[PDB]
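S.K.: My structure is below; once you've seen it, I'll send some questions.
What follows draws every value from the coordinates through simple rules; no lab data is involved. No Cβ is skipped: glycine too gets one built from the backbone with ideal geometry, and neighbour counts run over all protein chains shown.
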Amino acid sequence: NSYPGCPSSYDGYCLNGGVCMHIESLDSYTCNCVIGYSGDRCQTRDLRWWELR
């Protein structure tokens, strides 16, 4: 379950490689950034993740 994705109401909230998670349990929502994505939602795309290539 967990429904892979997130309420279309979003379709434009997760920033820079921001994976939108949706736990069916609490039906809540959250953007899981990554190894080079952070800040408010994940507006921090710094010299890290993507590295270069």
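S.K.: Can you list residues from other chains, or at least 5 along the same chain, whose modelled amide H is less than 5 Å from the amide H of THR44?
M.R.: The answer is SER38, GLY39.
S.K.: Over the chain, calculate the relative contact order: mean separation of alpha carbon pairs under 8 Å at least 6 apart, over the residue count, as a percent. Please list the in-between numbers first.
M.R.: On the way: 81 pairs, mean separation 15.6, N = 53.
With pairs under 8 Å counted, the relative contact order is 29 percent.
S.K.: Let me ask something else. With only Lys, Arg, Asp and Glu charged, each at its Cβ (+1 for the first two, -1 for the last two), find how big the charge dipole of the range 1-49 is about the Cα centre; round to the nearest 20 debye. Intermediate results must be reported in sequence, preceding the final value.
M.R.: Working: 3 positive and 5 negative charges, 45 e Å.
Rounded to the nearest 20 debye, it is 220 debye.
S.K.: Still on this structure, I have one more. Measuring from the lowest to the highest alpha carbon on each principal axis, how far does the chain reach, largest first, in angstroms?
M.R.: Result, largest extent first: 36, 18, 16 Å.
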